[PDB]
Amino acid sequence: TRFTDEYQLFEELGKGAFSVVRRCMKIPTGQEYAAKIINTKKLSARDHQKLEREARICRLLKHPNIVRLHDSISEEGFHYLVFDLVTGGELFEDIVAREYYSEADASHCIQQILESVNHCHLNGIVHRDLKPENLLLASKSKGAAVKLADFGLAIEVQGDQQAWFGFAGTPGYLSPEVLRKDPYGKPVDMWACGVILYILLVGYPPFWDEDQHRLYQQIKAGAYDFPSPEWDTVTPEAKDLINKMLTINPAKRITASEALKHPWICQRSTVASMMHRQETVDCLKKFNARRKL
């Protein structure tokens, strides 16, 4: 009964089909947290496994770019995962509020995302649902680091053991191997990082169709473009990283630590363009609006 007795519940930060996240304060310290609240009534043994796996994954991952777990509390009927509170909102909503936004800032963001995908992979965790809603920002007052969130769909892998761990993911970000029902692993997070990198540069997604089945065929072919004019001002090194992240052969796809050594990431001041990209800001506003529905 540790949560009800020591915490005060506040407003809802987000809601889904099977959980809710609410802000909360610890009554003794006055420190503020985010509580993920899961109904544990009448779960199967399969669901109990998934929920204790989520709590295990969140306890293990300690990294400046991953939401930090403060306590996992089991009350009768409910489970609470209590994370340190990050107040900076979604990454993509902070970007559209910037008056200066360049490839160097995109590279900065993707470098933090990559550090976190890397830390997951070193601990043998595949996130499987990288997407803008899962990319929070720490307060500008605390450094504005990017925070990877929500490991509810994550899996634990041993070494490079690859298998068909079932369908999971969000359609625009799904890798070709998942869509083929082929065995997959860590590379599915690098594919998603390439879709996010792409959107971070131009404000719209690399694969898109109003017909989801045609969307899937485009993904499986790996058929994205760098159309003029917007891509004409983008450096070739940034286009090269996308190319290595969006390869349909998962064995040849670049890995997270290899991508942290790409010159566009680790030689940012000399390689990434520093011009403001106002057309990306505008497209991203339309991107963010559509995803809100």
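All residue numbers refer to positions in the sequence shown, first residue = 1. Take the two forms, superpose them, and find the largest set of C-alpha atoms that agree within 1.5 Å; that set is the rigid core.
Just give me the stretch that moves more in 4 other deposited structures of this protein: 121 to 129 or 79 to 87, judged by RMS C-alpha distance after a core fit. The answer is 79 to 87, which departs more from the shown form in 4 other deposited structures of this protein.
Stretch departing more from the displayed form, 95 to 103 or 109 to 117, Cα RMS in 4 other deposited structures of this protein (core fit): Most displaced of the pair in 4 other deposited structures of this protein: 95 to 103.
Per the PDB record, is the mean Cα temperature factor higher over 75 to 83 or over 194 to 202? Comparing 194 to 202 with 75 to 83, the higher average CA B-factor belongs to 75 to 83.
Higher-scoring stretch by recorded Cα B factor average, 3 to 11 or 282 to 290: Result of the comparison: 3 to 11.
From 220, 181, 213, 127, residue of greatest CA B-factor: Out of 220, 181, 213, 127, the record gives the largest C-alpha B-factor to 181.
Pick out which of 90, 160, 105, 115 has the highest C-alpha B-factor in the PDB entry. Among 90, 160, 105, 115, the highest C-alpha B-factor in the entry belongs to 160.
Split into thirds by Cα B-factor across the chain's modelled residues, where does residue 257 land: lowest, middle or highest? Ranked within chain, residue 257 CA B lands in the middle tercile.
Going by what the PDB entry lists, where does residue 155 fall on CA B-factor within its chain: lowest, middle or highest third? Answer is highest: the recorded C-alpha B-factor places it there.
So where's residue 68 on the chain's Cα temperature factor ranking, which third? Ranked within chain, residue 68 CA B lands in the middle tercile.
Third of the chain, ranked by Cα B-factor, where residue 62 sits: Middle third of the chain for residue 62's C-alpha B-factor.
Compared with the other modelled residues in the chain, in which third is the CA B-factor of residue 21? According to the entry, residue 21 has a C-alpha B-factor in the chain's middle third.
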